[PDB]
Structures are given as structure tokens and as C-alpha cells.
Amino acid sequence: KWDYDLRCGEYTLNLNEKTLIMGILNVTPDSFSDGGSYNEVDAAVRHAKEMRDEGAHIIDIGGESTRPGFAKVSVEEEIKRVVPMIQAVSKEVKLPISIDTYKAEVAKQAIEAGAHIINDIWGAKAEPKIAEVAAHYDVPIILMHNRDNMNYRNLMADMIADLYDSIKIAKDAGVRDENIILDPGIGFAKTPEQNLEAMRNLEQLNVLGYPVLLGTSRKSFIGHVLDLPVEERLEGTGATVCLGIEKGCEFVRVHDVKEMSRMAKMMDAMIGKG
């Protein structure tokens, strides 16, 4: 399949050999500072080493603006939190880092402080200027599907159209094709039922010709199906990661790294990946 590797500055990721595990960094902010305090940076570094030891290939690190139950946060604010965490994890853990942000100033600073991949939940549509940051630093950029409504004419046809609008924004900024990753955005502007329909038809995403990241870890559509709370979603999650790899994804973005790494590796063996 892939005739190139994902170039991540110091690191190379081969897309043919294995499904790549991206581990979700658990960020617990210190009640008493706006960023860079010992307890919260040390929590982040130890969690990254755990994930590295359990099999992660990329560490994903987010600021308050994109991470669930928080209010919106300033750009100045998001940078103080996240940049000390990038610096520490980057020096201390030998894996590429993706910065999860949709804001172009936050992406730029995160890269300067040692990030390799940009993870955008708005697919360059919130701030088109982020695709300019990508092209300049020449870093991979994940363009996730998202929209500000759930009025689909045909769920998958529309998702593909919305992903191409993202791809067009990126390429018009000089983003090289080999620095584009797509994401179907499970959980984002989709009913519980639309989420399962996108799972059921993920293979259609491969016609665009770019690697696909999948992120279903613990999402509430799992809780919809199984009737289970967030901490009881492991098995449900593992089902979506296996279906996702049978359907052609190159990455998955998971909390339960040790578990999902074993499922990934068994699946790779069976489909004949690598």
C-alpha cells in the first residue's frame, strides 16, 4: 500500500508494518498555577513513559480548549499549560508527539517546543492559518471530520465531501500530500446511530488515498450500545479498533494502550499487515 513513511523529524513511522497506536495523554491541571508546575508536568511525563512501555508509537497531548468538560480557554492560557508538557515529554520520552489543537498560534508554539504532528479536530476549518503552520514546519497534520450541524443528506458522502474541503484548505497552504492524515471524527456532529453507520462504512474513506486515524476510545456511542459507563468501555473500544483496522485504518487513538496494542497486533497478523 503506502509508498512512503510518515516523516516525523527525528522519527519515522512506517505505515505498512503495523497499525500505529497513538496514546491519549491524561492531563490533570494543578489547581494553583496556569501551567508548568511540577505535579502536573510530572504526572504527564510518567503517564507518557507508561504508554511508551505499553506499546504507544505517538503521544497525543491536548490543551483545555479541546479536552471535554472544560470551558473555552484563551490562546495565551492554552500555551502556558501545554508547552511545558511538550518540552518535558519530548525530552524525556523518545516518541513523536502530536499536539491536539485547532488554533494556529497554539500549534506553532507546540511544534517549536518539540511536537511532531498536529491533531486538528476542526480539520483546518476553525483557523485555516494552522494549515500554514503545518506546511511551514513541514509536519504531518491530522484533518478530522467535524461540522456545526447534523443535517446529513447521506452521512458518508457528506463526510467525504467535508474531508475534501479540509484537504483543499491544507493543500492550498502548501501542505504536501504525505503530511495529510484523515479522521472520520467519531463522536463529533453524529448521533449514536450515525457513529455506528460511519463505523460500518469506514472503508469508504480509503478512496481519498490518505492514511486514516480512528479514535473511538471510550466514546459514548459504546455506552449507547452496551449500556456501560466510561470506565467499563474497554471491550466495546476493542471492538471498534478491530473493525477499524479490518477496514483500513493506519492509526488508532486510544486510552487503553497495553490492551489496544495487543488487539492491534493480533489483527495485523490476521489481515496480513506487515
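Note that residue numbering begins at 1 and tracks the sequence as displayed.
In the other compared entries of this protein that model both flanking residues, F70 lacks coordinates in at least a third of them. Across the other entries compared, none leave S217 without coordinates where the residues on each side are present, so it is far from a third.
Comparing 169 to 177 with 70 to 78, the higher mean C-alpha B-factor in the PDB entry belongs to 70 to 78. Per-stretch averaging of Cα B factors for 248 to 256 and 21 to 29 places 21 to 29 on top. Across the options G238, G223, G62, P211, the residue with the most elevated CA B-factor in the record is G62. Split the chain's modelled residues into thirds by C-alpha temperature factor. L196 is in the lowest one. Ranked within its chain, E54 lands in the middle third, by CA B factor from the PDB record. Looking at the C-alpha B-factors along this chain, the one for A126 belongs to the highest third. In the PDB entry, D227 places in the lowest third of its chain by CA B-factor. The PDB entry assigns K94 a C-alpha temperature factor belonging to the middle third of its chain's modelled residues.
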